[PDB]
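Take a look at the structure set out below.
Bear in mind these aren't lab numbers, they're just calculated from the coordinates by the rules spelled out.
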Amino acid sequence: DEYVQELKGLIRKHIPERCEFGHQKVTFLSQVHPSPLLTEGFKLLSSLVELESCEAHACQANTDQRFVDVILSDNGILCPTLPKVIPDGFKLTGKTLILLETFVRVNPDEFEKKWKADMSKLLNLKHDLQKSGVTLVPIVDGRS
Amino acid sequence: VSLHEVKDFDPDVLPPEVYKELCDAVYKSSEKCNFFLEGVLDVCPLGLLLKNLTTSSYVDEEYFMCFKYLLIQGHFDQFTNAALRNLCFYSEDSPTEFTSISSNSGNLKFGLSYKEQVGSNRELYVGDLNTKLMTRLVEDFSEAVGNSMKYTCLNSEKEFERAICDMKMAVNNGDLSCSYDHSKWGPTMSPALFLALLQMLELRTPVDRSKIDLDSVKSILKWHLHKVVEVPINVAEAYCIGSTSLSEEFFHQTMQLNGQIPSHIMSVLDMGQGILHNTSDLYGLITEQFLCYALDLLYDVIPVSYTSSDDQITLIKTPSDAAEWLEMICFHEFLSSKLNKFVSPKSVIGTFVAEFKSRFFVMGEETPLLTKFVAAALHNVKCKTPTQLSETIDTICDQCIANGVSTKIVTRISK
Ligand SMILES: [Mn+2]
């Protein structure tokens, strides 16, 4: 392992700003096997990117990766049988919801492809939640 | 009031043409205790915004805003690595495996639009980024091939000047002129024609004679053949909401008789105008060269042609009074119609006036084209600051005085 332990040593320049940062850090450091480390390294990098992007905009990080139905049912709100979708960042106030789905694409073409796909899959949900429920405002944060 | 429930639920799109104005005026002035408040309340703290908006709309003359504010106040609106690793930042839609009909990243989706012209509205096609780059590499390859070509006149001013001077000498000599205008050039051609043409060709190298294989060109041309175009929505509400029309009949046959509402159009022969200009240019050029070679070998009369991918001009140099050759002209028309090059009835095939790119040439001189330039000068006042406007007027007046209009007129334009 010429670079594995090298990576472990050099990833020590990270600030555990949030609790989940340390929670994933300790699991990554306590697991050295060929099959996982790439997967959880990619997921921790993506979590860091999405955390920066969303607490750029008054975030409430989704540590459970649950659906919109359960978070809407956490308080007293009827279920309109909403289609399933996993949100990245949610902020509900009164009877309003702010939805943020972020991503990263180094090439433009894929960037607008993902932007259009996300915009389309977030617009269709408003037609169902407004009929017998509350609103939402979809915001998309795309980083090149 | 309740009809919004069965119909669309958006209160901001309710049209005023369904209800009378008297009922709207009298209804908003009814009893309302907790829906209005005293005073304008310019401070507008949070929590009472609807009441302030209703008061501001009511104190004004308009009541439709008051009516919709009342409506919205009343609450009438009630461990694998291939599936679990494609949601964080993985670019699953990257083009890695492609078929003859797609590219694993879409289907070259296009949008239809218009562009105003003097005669009739011109088609326009707008492409997404991926299909734009694909058609644009096709464009680059085709301009390269046409740059290798000699007789084309689309982007080479030297050949355009050569055609102009040949036309002038031809008119001065008594040459036979054929100004061919092709009808429905855009919506008639199909990519499959280009597929066959490039399959049958060889495209030999200059020194290597290696017979370049255009496999990527063939695959991308098949992609273009499998492009899908999205109909503008405005016509969708225009036809759905609801004179006999064929397209309206097709829409009325295809909302629920076969499937859902039509939103994406897919067919064989489109050749979107503004997308495959130069490939069609080279195809037309080589076909016209074949036709003129055939005319030379059959009627022993010497042809030359110039093509601009939409219209062409052919000069016929004659051996050895102009009524003995209708037959070869009908024959050429027939052979062109055998190809996908239908000729519009606007073509004139005599020997007194020649046309190409709206630049007429007559025996002795050239038409000045006065009123066209005058009208162009009077129009297109592209105004941002007076200085740029003076510059543009100067350029247009220079262009106008170039074609011998007058100098007592440019003074009036300046005034
Ligand atoms: Mn013409």
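Miscellaneous remarks
- Estimated D of region B:133-202 in µm² per second, where Rh is the Kirkwood radius over Cα pairs and Stokes-Einstein applies at 4 °C, 1.567 mPa s: 85 µm²/s
- Euclidean distance between Cα centres, region B:31-105 to region A:44-105, Å: 17 Å
- At least 20 Å along the helix axis (C-alpha) and Kyte average at least 0.5, DSSP helices within chain A: A:37-54
- Taking a ≥ b ≥ c as the square roots of the Cα gyration tensor eigenvalues, region B:96-222 comes out oblate, since a/c reaches at least 1.5 and a/b does not exceed b/c.
- Pairwise Cα distances in the protein assembly as shown exceed 35 Å in 64 percent of cases.
- The calculated 222 nm mean residue ellipticity attributable to helices in the protein assembly as shown amounts to -13000 deg cm²/dmol, summing -39500 (n - 2.57) over DSSP H runs of n ≥ 4 and dividing by all residues.
- Here, chain A is characterised by an Rg to Rh ratio of 1.04, where Rg is the alpha-carbon radius of gyration and Rh the Kirkwood radius.
- Contact order for chain A, expressed relative to its length and based on alpha carbon pairs under 8 Å spaced 6+ residues apart, stands at 19 percent.
- Chain B shape via C-alpha gyration tensor axes, a/c threshold 1.5: prolate
- Taking a ≥ b ≥ c as the square roots of the eigenvalues of the Cα gyration tensor, region B:320-374 is oblate, since a/c reaches 1.5 or more and a/b is not larger than b/c.
- Rounded to two decimals, the Cα radius of gyration of region B:247-322 over 2.2 N^0.38 Å is 1.89.
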